[PDB]
Each structure stands twice: as C-alpha cells, then as structure tokens.
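Asks: Dropping a structure here in structure tokens format, bear with me for questions.
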Amino acid sequence: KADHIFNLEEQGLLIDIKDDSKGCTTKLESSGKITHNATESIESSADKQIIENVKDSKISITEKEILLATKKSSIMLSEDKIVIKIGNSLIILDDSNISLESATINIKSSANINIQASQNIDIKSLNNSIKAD
Amino acid sequence: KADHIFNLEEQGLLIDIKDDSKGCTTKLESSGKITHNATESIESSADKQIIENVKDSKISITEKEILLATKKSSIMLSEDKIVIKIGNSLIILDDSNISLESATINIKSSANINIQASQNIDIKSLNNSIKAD
Amino acid sequence: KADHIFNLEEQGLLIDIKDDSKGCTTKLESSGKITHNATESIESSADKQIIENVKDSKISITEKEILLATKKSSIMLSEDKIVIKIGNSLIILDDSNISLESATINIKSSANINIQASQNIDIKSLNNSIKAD
Amino acid sequence: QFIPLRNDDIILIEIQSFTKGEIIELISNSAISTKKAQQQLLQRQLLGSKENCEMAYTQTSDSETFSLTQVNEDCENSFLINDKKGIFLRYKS
Amino acid sequence: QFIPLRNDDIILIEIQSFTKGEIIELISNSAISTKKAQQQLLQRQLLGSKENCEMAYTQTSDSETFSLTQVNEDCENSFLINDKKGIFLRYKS
C-alpha cells in the first residue's frame, strides 16, 4: 500500500516514499535547507573520501584516517596512532605508549589517586617538589 | 559509455549513474532504508549547520564547534578549547593548559612513568601519600 | 523568483534549487563523485543507524553509542562510559572514575604540575622511584 | 499516426459498385466529456486495449491539470502537471 | 480524441435540405510555423483555453527539442528533451 511523490513547487523537491506506516522523506527547499528523514536507517558508503565542510571545519574520512579538524584543533584517529592537538598541548596514544605533553598540568580529584606501576617509576623535576599532609 | 536510470518501483527509487566501470548508486527503499554508494568520493558542504540525529544523539557542526553529544556525554571541539564530559569527570585542554578533573584517578602501566618538568612541581595532598620499593 | 532544474547529462544529475540568491545544489556525477551544497543547513535524522564506511573505517551511530572506529582504533562514546583504544593502551572515563592504562607513560610539561587530592594518595611502585632538584 | 480501427465502432460504408465497398466516416467515440462544459474542459486521448491510459488535459473553474495516468490491477501510475503546485510523479495502489 | 469545436474557427457548412444543415471541413488553425521552413521545423499541439500549453517539437539547424511547456502568471513549467544535453524539468517565474 505504497505512495510515491516527486514534486517541484516554489518550496522545492518534496520526495517522500511512504509505506502504510513507514517512510523515507527527503526535501531540498528553496530557502536554503536540506533535510532527510527515515524510519529505519541511513547508510552511506564510498571508496576514498567522505568530506563534510562548513568553511574549514572538516570531518574527513580516508581508508585509514579520521580527522575531526577545525582551525587550530584536530583529532587524527589514524591506524594505531591517536593525536589530539591544541597547539601546543598534545595527547598522543600509541600501541604501548601514552604521552601527554603541555605547558602546565592541573590534576584535581576528590577521593583517591591510585598511581600503580608494575615496574619502576622515574619522576624527574626542578627546584621544588613539595607536599602536604 | 554511460547509463542513467531513474526508477520508481514498489521498492523505491534506484538512482544509479554508471560509467563503463565506475558509478554512483543511490536508493530510497520503501522498507525504511536510505543507502548511497560511490567509486571515488562524497562531499557535502553547507554554510551554518550539519546536524545528524538519532533521537538525541547528535553530531552537530557549526562554523567553530564540533559536538559529538548524546545524553550525558559530549566532546566539544571548540576553537582552542577541547572538553570531554561524563558528569562529573572532565578533561579540558587549552592553548597552554591540560586539566584533568574527576572523583578518583587510577593510573596503571607496565614499565615506566617518566614525569618530567622543565620547572617546579607542586604536589599537594592529605593524610597519606605512601610508596613502596 | 525561484528556479528548479533536473538534468540528466553525460555528467549526471545536476539538481539545483535556487532562490534569488540562496540555493541547494546537489549532483551525482558519472565520474564517481557525489557532492551537495546548501546556503543554510543540512539535517539528516533517522531512527536506528547512521553508518558511514570507507572499507572498514566506520562512523556508526545508534540510539546510545557513537563509534569512530577503524582497524585497531576506536572511540566508543557510550552512555556514561567513554573508551579510547589502541590495543593495548586505554583511557576509560566513567561517572566518577578516570582510569588510564598503558605499557609506558611519558608526561612532560614546561612550568607546573599541580596534582591535588581532596583525600589520600596511594602511590605504589617497584625498585626505583627517583627524583631530582 | 497509426491508430487502426478497433472493434465496436460504427462506420458509414458505401458500396460503390458490385464487389467494391469502401469505408468513409466514423460515427463513434470512446472519450467524451459527460459534464456541462462549465465544470470541465476535457481534451484527452484514450489509448490501448482496455483503455487504461489518458493524455488528458482538464481545466475546471479552478486549475489546469496536464496528466498521463494509468490504471491497472493495484498500480496507478501518473504524470501530473498543475499550474498551482508543479510537476508530479506518482505510483499508488 | 475529444477535441470539440472551440469558438473563433471557420467552417464550411452545407445546407442539404430544408432544416438540415451539416458541418464538413475546417478552415482555421491556431498553431503555425511563421518562419521560413529552414530556421524551424515546428510540430506541435496547442491545447486548452488561453492556449497555455505546447506539445512542441522544434528542430532548427542546430538541435532537436522535445518540449511540454506551460505559461501562467509567474509560473513557467516545462519538460525539455534535447539531443545534446539530455532530459530537463524546470519551474521558473
């Protein structure tokens, strides 16, 4: 019991494809809008790129990378290497390495700080390394 | 040597546009599915918003923000400010600051913990600050 | 003062819907490209899935999850649980817990490392736990 | 055009000599506007066996519809063109 | 077809007896190619009141256009088919 419409109005395309209850309604309105709707799913595959831009704020996809990039901010979910940048403040995650680099570091909590290590700890410093109790 | 089809069946639109080997096949099936395919790329630009929703689980894009938000979880990749929230547990990354706030903190490893500092270290605490060897 | 075009050429569909200044132009070119344009926004809702693939590099969306997954890298923005994996190196964020697990950990800075704690600190170790001044 | 004489029509036939008859005019139709020339202005061509097509063009007192409809068992194709809405395509059941 | 006799046409009428007249031929048109049979090759059907349709088919010295246009107040529907570009659909004002 299907319906199928393909308009062209002053508003724009109103392509809906309806079952008895379900549907897949798309538009392209002349007021600058693009909408889509479904009742089950939206899939969209490709072979090399999926690039989504609003004036240099990308979400790009390659066969191996995923970028979530703007001006001066990025997440590069490469294969086996994750970077998070605000220059200059980095978090680089590797196969067997977590590095966290910055200028300053503030670490607050409320109850506990368990810092275990199954082998040695090499803390280095300069002039002060203070504590309290 | 191109082909171009524009159907309307009980299934739905089956728009494919094929070269001798390449292609760009789209559907809108009446069983609630939307698919797309390509052989090279998919680009989709805009000017203000790209909003993708499955009943309050957004991925929104503005000229400056990128949200990957659900109920009670968000990544706000703003310009020069990155936030990662599970209330209440935060990681805020700035231009020259990395702050990590929580209730408790567990930090495990296997081999090394190099904590360098090119200037002083101000560790504070309460009643216990224990170690082992 | 609208225009509405629906072509089929050797290039492919060139669906644009223009106002006096605004517009919504879509294509499906036979050279393997899919593009889209707008002047205000793009919305695309669904009910269960939004899956975007380039040969196993997903961005999937469910009612509760958000995956940004490739081979051997993933961000699982579940409800109240965030995981970031490069096996084996994890960052798991919970409601009242931040755990960071790895093999090795390097932590650099330039000026300060404030590690506060509103209750006790339980640092554990093995053979060395050295410092400098 | 190739629209041959279907059955069930009515024709004047002369018999111009012995063993020579001819066909001259048509006294028949299949498509007529059965309304009062103020409600509708039909200009159409029915086609095919079972008459399941129209190249209709109806102008009532309100709108103008150009249409290419089809009726089948559980398939209603069309191609509508109005002046008020635009260009359509439909498939119903 | 059902294309009844509109007004403003010109007709030969016989009067075959007393109180029996008949209608025979048409001496009239509404659609003609007013160019010199080398610039255009028009093959069209105007339709409807106000003549706001064409089932045109123009072949100039350059291209072939199949078309189904409409003109209204601030609405210009069409359905163009060329040999060089392809299949169109338009709505302008």
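To be explicit about the labels: the chains of the structure tokens are called A, B, and onward in the order shown, and within each one the residues are counted from 1, while ligands get numbers from 1 in the order they are shown.
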Could you write out, as a VMD selection string, all the residues of stretch 43-125 of chain B that DSSP marks as strand (DSSP E or B)?
Replies: chain B and resid 43 to 45 49 to 53 58 to 61 66 to 70 73 to 77 82 to 85 90 to 93 97 to 101 104 to 107 113 to 115 121 to 123
Asks: I need the chain C residues near chain E as a list in words; criterion: at most 7 Å, counting only C-alpha atoms.
Replies: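 The contacting residues on chain C are residues 1, 2, 3, 4, 5, 6, 7, 8 and 9 of chain C.
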Asks: Using only C-alpha atoms, determine which residues lie at most 12 Å from residue B:58, disregarding the query and same-chain residues fewer than 6 positions distant; provide the list as JSON, numbers by chain.
Replies: {"B": [49, 50, 51, 52, 66, 67, 68, 69, 70, 71, 72, 73, 74, 75, 76], "C": [43, 44, 45, 46, 50, 60, 61, 62, 63, 64, 65, 66, 77]}
Asks: If you keep C-alpha atoms, can you produce a file of those selected residues as a short mmCIF file (atom, residue, chain, number, x, y, z; two decimals), in the first residue's frame?
Replies:
```
data_model
loop_
_atom_site.label_atom_id
_atom_site.label_comp_id
_atom_site.auth_asym_id
_atom_site.auth_seq_id
_atom_site.Cartn_x
_atom_site.Cartn_y
_atom_site.Cartn_z
CA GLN B 49 24.86 23.55 10.33
CA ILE B 50 25.23 19.85 9.74
CA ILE B 51 23.04 18.07 12.27
CA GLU B 52 22.68 14.28 12.41
CA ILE B 66 32.04 20.25 16.66
CA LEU B 67 29.81 18.39 19.09
CA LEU B 68 29.64 14.63 19.43
CA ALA B 69 26.89 14.63 22.01
CA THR B 70 24.44 12.16 23.49
CA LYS B 71 22.59 12.15 26.73
CA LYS B 72 25.26 12.67 29.42
CA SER B 73 28.33 12.53 27.14
CA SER B 74 29.88 15.16 24.88
CA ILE B 75 33.03 16.20 23.07
CA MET B 76 33.05 19.94 22.39
CA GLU C 43 19.84 17.91 8.66
CA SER C 44 19.61 14.14 8.46
CA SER C 45 17.74 12.22 11.13
CA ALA C 46 16.95 8.52 11.34
CA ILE C 50 23.73 6.07 10.59
CA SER C 60 28.31 4.48 13.34
CA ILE C 61 25.52 5.90 15.47
CA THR C 62 22.96 4.03 17.49
CA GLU C 63 20.39 5.23 20.00
CA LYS C 64 23.10 5.17 22.67
CA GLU C 65 26.51 4.54 21.10
CA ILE C 66 28.77 6.61 18.88
CA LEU C 77 31.11 7.23 23.29
#
```
Asks: For chain A, list the residues within 6 Å of chain C, counting only C-alpha atoms, and write the list as an MDAnalysis selection string.
Replies: chainID A and resid 30 32:47 63 80 95:117 119:127
Asks: Identify all chain D residues at most 7 Å from chain E by counting only C-alpha atoms; ligands do not count. Present them as number ranges by chain.
Replies: D: 31-32, 43-46, 83
